[PDB]
Amino acid sequence: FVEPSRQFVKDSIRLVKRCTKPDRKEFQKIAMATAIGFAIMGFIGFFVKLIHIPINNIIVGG
Amino acid sequence: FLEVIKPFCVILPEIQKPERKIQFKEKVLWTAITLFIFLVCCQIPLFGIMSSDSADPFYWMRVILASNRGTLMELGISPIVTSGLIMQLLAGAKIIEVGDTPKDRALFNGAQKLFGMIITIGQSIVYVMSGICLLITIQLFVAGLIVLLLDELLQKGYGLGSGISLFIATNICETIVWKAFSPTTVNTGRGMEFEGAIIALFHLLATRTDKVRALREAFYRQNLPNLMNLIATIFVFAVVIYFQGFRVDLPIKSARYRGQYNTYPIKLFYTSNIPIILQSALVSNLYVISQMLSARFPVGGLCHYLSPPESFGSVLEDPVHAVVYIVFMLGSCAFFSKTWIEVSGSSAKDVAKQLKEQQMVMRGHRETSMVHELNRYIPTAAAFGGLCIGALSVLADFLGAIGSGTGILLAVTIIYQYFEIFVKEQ
Amino acid sequence: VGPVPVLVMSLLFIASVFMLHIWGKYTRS
Amino acid sequence: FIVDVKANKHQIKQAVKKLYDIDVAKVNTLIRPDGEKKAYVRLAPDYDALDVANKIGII
Amino acid sequence: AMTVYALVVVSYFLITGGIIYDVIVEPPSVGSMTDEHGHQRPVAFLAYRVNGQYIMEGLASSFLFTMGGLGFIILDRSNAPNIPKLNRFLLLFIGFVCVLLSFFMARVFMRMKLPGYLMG
Amino acid sequence: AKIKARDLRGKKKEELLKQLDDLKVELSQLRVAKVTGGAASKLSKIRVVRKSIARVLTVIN
């Protein structure tokens with residue numbers, strides 16, 4: 001009842017080494033390019049900031 | 001079970017995509033219009049019952065969708081998500097049979113709509129439970145049906161990420177972004193109008209003298225967001241993209257062509273667990289929905305195995321809650337990997353029949369030994385691929401460097417896989 | 001979306017919310 | 001493995017032991033009709049082959 | 001560099017908006033006295049005195065101004081050259097920038113008429 | 001990354017050998033990786049490592 005624990009813990013340490021472990025180049029590309037892609041979806045919150053609270057002032061005030 | 005209710009329930013379906021098949025950028029137009037909608041959809045409701053606590057599952061619930069006692073975001077896409085997930089369960093798990101005629105897949109979408117709308121009605125009833133109860137229900141379904149149509153017009157339509165997952169991602173961008181610039185603060189004992197923004201920690205240098213105690217409030221701010229919190233939030237983003245690039249390479253002689261090597265990869269995140277995290281989230285959302293039925297027939301004694309312990313003090317007053325919460329998180333994501341892969345593709349037979357179906361054969365051995373070539377990767381790269389996300393989200397909670405936590409880690413993981421999907425067609 | 005009315009439909013729904021929100025608030029102050 | 005055609009089993013054994021810090025039961029060479037001396041190398045039973053296989057990269 | 005241009009246009013609405021009313025700061029919008037029934041509805045931009053503003057008035061004015069100017073920047077930087085996608089992207093660019101230009105000038109004309117009561 | 005003749009000239013004899021060994025190791029892993037797909041990014045190095053190996057051996061002789 002104890003050995004499938006041994007199986008999975010050795011099974012993990014198998015496939016950790018088989019993976020390719022990226023280096024300073026691809027990390028760089030998806031890093032900067034996808035923080036940029038994040039902020040593409042990101043400033044949208046600053047525009048519901050700029051809009052939907054002042055029009056909620058329009059909502060409640062009238 | 002399927003043969004009776006599905007033929008009658010066909011009321012008001014969606015229109016399937018046209019014959020304007022190949023395009024680059026009007027695809028992105030159909031995205032952006034939905035993103036205009038969820039500019040708009042997170043906006044204020046019309047009823048003046050101003051209840052004190054905003055939502056009861058507001059934090060975990062907020063992580064999934066953050067318009068708690070708020071807008072037409074309807075406290076979550078939890079209808080469409082939960083109703084999609086258990087539908088794919090009961091299709092994959094053979095409690096209910098599989099429909100593979102196109103009438104059955106169409107009515108499968110119909111029953112998807114059915115359970116989704118019924119769950120919207122359930123959430124509506126369970127949040128509203130005065131005499132002002134009219135027309136809330138009309139609003140919610142109208143705004144449930146809208147999220148339904150926008151999601152199913154971004155699966156057979158544009159759809160690349162989903163309708164769902166990119167909604168979660170952009171709303172998580174916003175929940176970092178309200179923490180990024182923060183205009184208001186209700187005034188405490190000192191210091192109005194500065195709550196965890198960097199502008200806040202740049203206006204704070206303009207007001208107060210004794211800049212040492214201007215640094216201390218900037219870096220160890222507790223009740224509002226913090227900039228040490230923002231450093232940890234950035235740090236988590238960097239590590240998680242360190243772990244997205246964990247992939248297993250498998251080169252492939254294509255069949256019938258001399259030596260082209262388009263190596264099939266297996267990334268560890270392994271659909272980025274948009275099942276498996278939302279598997280971890282929505283079960284702990286459905287009870288904190290149904291604790292409302294526990295008030296009659298609670299936020300106390302049921303919480304000790306329900307939630308994280310929320311405390312930056314690692315030796316906070318209950319180790320039972322901490323241990324069981326972390327062990328449940330790890331085991332839940334691992335177990336829902338090893339159960340998830342069997343339904344939404346990329347299990348052993350799935351990969352084998354896709355590769356034979358696209359004429360790609362492993363070099364080392366015969367074509368239907370490819371299964372045994374890669375069956376010694378996919379379950380572990382499910383299970384570990386489950387496991388060291390949830391423990392990773394442990395590091396999203398253990399250290400408060402997360403704007404919203406676990407969910408933000410994982411919706412930006414959605415974005416990161418999303419970039420790959422968009423790039424694919426270049 | 002062979003057609004764009006589903007979007008227009010969503011816009012109509014927001015207007016119904018938009019206008020009907022302040023419409024009852026007309027008689028109040 | 002694929003091995004250099006000039007090699008003895010003695011040399012292979014010694015190489016396999018040196019490179020992979022391992023220890024061999026027996027080496028069992030042939031020559032492929034292609035030209036590349038193949039070598040089947042039985043490792044001693046204290047060692048697992050799949051474990052070393054994972055170490056060297058292959059699986 | 002062009003980052004200096006970015007710095008200047010950043011400074012533009014910043015000192016069009018509220019550096020004058022940093023020290024003379026007047027809080028955002030509420031001035032109604034029940035009007036007949038409902039007590040403290042926040043009003044508007046200030047209208048009766050011309051020189052005053054609030055924080056909410058100034059930011060809006062500044063935002064209106066820099067979007068118009070950078071719309072003309074977009075007319076220069078991409079619409080006059082002919083290199084990119086000659087039927088899809090370009091038409092979007094002239095479309096939204098002409099929308100920027102027309103509706104911006106229209107609304108700023110409105111936001112001087114209604115606080116100003118000028119004969120139009 | 002680049003191994004030049006330039007610098008190797010002055011280096012000590014034992015130091016040159018360790019460097020060759022460490023390249024011979026690096027060559028092995030790429031050859032292993034060429035069999036198991038690996039990646040174009042790896043299968044560049046194999047040519048580079050070969051020539052740097054030669055650059056080392058040459059300096060020694």
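FYI, residue positions are counted from 1 along the chain as it appears here.
According to its header, this structure was worked out by electron microscopy, 4.2 Å.
Using N, Cα and C of the backbone, Cβ positions are placed for all residues, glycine too.
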Quick check on B:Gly403 and B:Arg105: does Swiss-Prot annotate them with the same topological domain, i.e. the same side of the membrane?
no
Given B:250-270, B:271-291, which one carries Swiss-Prot's transmembrane segment label?
B:271-291
Which one of these stretches, B:134-152, B:163-181, B:318-340, B:382-398, B:405-419, has the most C-beta pairs shorter than 8 Å to the transmembrane segment (B:106-127)?
B:134-152
Which of B:25-42, B:318-340, B:382-398 contacts the transmembrane segment (B:271-291) most, counting Cβ pairs under 8 Å:
B:318-340
Does the transmembrane segment (B:134-152) reach the transmembrane segment (B:25-42) with at least 3 CB pairs under 8 A, where each pair is 6 or more residues apart?
yes
Quick test of the contact rule: Cβ under 8 Å, at least six residues beyond the ends. What residues does that give for the topological domain 'Cytoplasmic' (B:153-162)?
14, 16-17, 27-28, 30-31, 34, 169, 274, 414-415, 417-418, 421-422
Which stretch from B:318-340, B:382-398, B:405-419 shares the most C-beta pairs under 8 Å with the transmembrane segment (B:163-181)?
B:405-419
Distant-in-sequence neighbours of the topological domain 'Lumenal' (B:182-226), which means Cβ under 8 A and at least six residues beyond its ends:
400, 403
Where DSSP helix means H, G or I and strand means E or B, what are the helix, strand and coil counts for the topological domain 'Lumenal' (B:43-76)?
7 helix, 0 strand, 27 coil
